[PDB]
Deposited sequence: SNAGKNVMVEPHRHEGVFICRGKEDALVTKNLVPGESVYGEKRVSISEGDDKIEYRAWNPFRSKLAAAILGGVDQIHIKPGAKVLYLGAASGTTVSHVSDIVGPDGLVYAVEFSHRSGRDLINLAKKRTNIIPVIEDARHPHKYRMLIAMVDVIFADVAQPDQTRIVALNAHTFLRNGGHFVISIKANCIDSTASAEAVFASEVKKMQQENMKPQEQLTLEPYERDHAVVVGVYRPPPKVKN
């Protein structure tokens, strides 16, 4: 058995891989591995931690990612869809990934990616203005955010208050010098964690991403809003 289920459902090893929702096709040139046994066949896609902060976090030993089969995911800052494609593999056909990205150039890549993946909804919009797209987004189980803005906690909190179920979870990427380049990484991460707590986004774990990225954190937690 050459590829084993990782601890996280929907992830596998052998080197992280996910199960390819679109057998035969690569998204960004990644290695694909197909295994056949009699009539049976299954393909996996390599998941590069130098291109995907979520992969870096999984190889770094994150306890929970909450992105799992059947999950509904709001992905803020989807860029051209590199990580989104693996999220799509993980949540599978009964899951959903809204890919919010404000660049029209990257949006074109996301639209091309979603032609083959029925579980991706490209939302080509500024995540600071969720009122512009709130009629497209059903309540989600998880928010993944990589918007890399000084005000990203406020941005993520606003989307959470609008779209994230009570008891749902969040996975937030924090690049310290995109939030405040004159502060130390520790000061940025502490300040962001503090701000998250004040929005009822309760961190349950936080880790950095060395050796894949410098001064880059991932914070995972649970959203527990008031009545």
item	value
Deposited sequence positions missing from the model - stretches, numbered from 1, in order	1 to 6, 21 to 25, 239 to 242
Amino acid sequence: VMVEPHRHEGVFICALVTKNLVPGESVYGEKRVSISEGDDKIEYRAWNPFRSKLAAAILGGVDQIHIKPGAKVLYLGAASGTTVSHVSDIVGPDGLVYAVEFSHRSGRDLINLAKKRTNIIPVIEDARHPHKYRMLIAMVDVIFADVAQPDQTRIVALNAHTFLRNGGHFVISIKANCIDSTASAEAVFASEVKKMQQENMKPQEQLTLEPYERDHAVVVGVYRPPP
From here on, numbers count along this sequence of modelled residues.
{"item": "Mean C-alpha B-factor comparison - 16 to 24 and 205 to 213, higher one", "value": "16 to 24"}
{"item": "Of 50 to 58 and 169 to 177, the stretch whose C-alpha atoms average the higher B-factor in the entry", "value": "50 to 58"}
{"item": "Highest-ranked of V156, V87, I120, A148 once sorted by CA temperature factor in the record", "value": "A148"}
{"item": "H104 - which third its CA temperature factor falls in, relative to the rest of the chain", "value": "middle"}
{"item": "Third assignment of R128 from its chain's C-alpha B-factors", "value": "middle"}
{"item": "Third of the chain's Cα B-factor distribution that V33 belongs to, per the entry", "value": "highest"}
{"item": "Entry-reported Cα temperature factor of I67, expressed as the chain third it lands in", "value": "middle"}
{"item": "CA B-factor placement of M196, once the chain's modelled residues are sorted into thirds", "value": "middle"}
